[PDB]
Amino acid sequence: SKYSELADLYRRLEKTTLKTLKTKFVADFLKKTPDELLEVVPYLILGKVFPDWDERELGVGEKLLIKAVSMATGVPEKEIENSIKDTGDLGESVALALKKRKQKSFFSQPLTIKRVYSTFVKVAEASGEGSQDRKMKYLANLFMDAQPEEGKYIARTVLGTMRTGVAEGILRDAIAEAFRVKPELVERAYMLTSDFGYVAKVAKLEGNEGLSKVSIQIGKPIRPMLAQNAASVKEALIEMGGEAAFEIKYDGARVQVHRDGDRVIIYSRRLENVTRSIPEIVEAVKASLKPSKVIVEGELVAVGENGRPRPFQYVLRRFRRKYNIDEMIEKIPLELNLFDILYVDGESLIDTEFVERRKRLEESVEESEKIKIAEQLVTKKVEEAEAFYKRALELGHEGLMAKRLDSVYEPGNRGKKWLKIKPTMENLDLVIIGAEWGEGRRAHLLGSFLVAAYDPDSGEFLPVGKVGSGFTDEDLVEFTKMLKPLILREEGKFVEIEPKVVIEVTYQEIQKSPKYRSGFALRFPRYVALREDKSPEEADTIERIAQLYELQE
């Protein structure tokens, strides 16, 4: 049926600030959809054409879209750039220009969604030397048959500029409402597939039952399973109840590999299709993989000349090459460490407990130069895992993964079933404005230290946290000796100190708290090293702290 109804929806939607109603509307319109468009419609509703993991994209920029418009309109891109200069919105100018051709032009036909989809397919798929004109052809070709309403919408769709107000979750809720299926089941099904169209049609026809009967389509990418942080290895081992599987958390890029026959696709963490970027790896994988139908999860890493992993954004640039190429393979070598296998030969393993999953992984993989199986420690002993922690860290990766041996794969979910153990990275250098005496046998020494950061605006030294941890007894002695001259005042066990001494400190977290005049408060800070090479003015600054806190989410 007609793209009229689509424009109507986009209208209703724009009018309301109310998400529940946006749901109602999308929902209601879904119920009106014939099965042919059921796979097309949702993406249209999101103001897109294809899934984020589709390699197809229509190539059309604004100035390019300016042309396709003009030859429908008669209006030059001179007066169009003028026409859009008053309004502020592209599609807004495109909108009204059609009205001046609405006293004018020609010919033919309603615009129905079927047609528009078709045209978009043709536009994106078109390639090579004869490309961008054949685009603007098809587009103007569309435009002649367009109501000025429809124009604006088809236009912001093309540019990706839509502003429906409707995200993933509204659409999920909508599908649930429309077809009276179960929100948990829709969530599950989109977590496996990532195709909204497939999910829509299956809801409409095969209902709650078939949604539950939705398993992994090969080539349709799975929401990666996620992990909460732990504080520490013991925390983790005991949270998994004394025994657990341990792995490295690499500095690398999580990828997902789909092998069917010779057809091999590699999805990124964000589900970009990166397959073209890294062909070597593709060959490598085909070779390294025993079964003909598999899906495997792995962290792709950039090696560098000492064999130590490069920061993973190198992997990200490798993805970002659209162009001249085997240059990049020699420039940055990569390697692939596989930690999971969700699929073999018709067998969905997502519902299969972790250990057998690892079993299948070891079974299907023939290790190669480029393709490794991630090393795994299965242990009830802390000190082992802590040693693996220290070794991962040593080697220059991010930390340790802990994963429950009973664990099924929980796509998209952030569970306690996988956990991730890291240090915080950047340490702070702070000045000691204060301290507190020990008790008992430490009573003659200062056991707790008060740290502050510079504010070069102020000149005032602002407290950040109190650090009691990370000192040897001789550390406390040495520190007592040095802080002895500098003590400016005393009450209780508290002292007040001259801002001389700067120490390097690690913390678990930065919190915002009124308790210090800096406004921030270091959570579980710890002593790393001492700086006699620095000045109190040269110590890290509150601005740096606020920056880090804001980067903490």
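Numbers follow the displayed sequence, beginning with 1.
Higher average CA B factor: 208-216, of the stretches 208-216 and 246-254.
Across the two stretches, 17-25 and 526-534, the PDB entry reports the greater mean Cα temperature factor for 526-534. When the C-alpha B-factors of 103, 364, 368, 147 are read from the PDB record, the largest value belongs to 103. When the C-alpha B-factors of 329, 186, 274, 124 are ranked from the entry, the top spot goes to 124. When all modelled residues of the chain are sorted by CA temperature factor, residue 40 is found within the middle third. Residue 157: CA B factor in the lowest third of modelled residues in this chain (values from the PDB entry). Per the PDB record, residue ranking by Cα B-factor puts residue 520 in the highest third of the chain.
Among the modelled residues of its chain, residue 488 has a C-alpha B-factor that falls in the highest third, as given in the PDB entry. Residue-level temperature factors show residue 48 in the lowest third of its chain, judged at the C-alpha atom.
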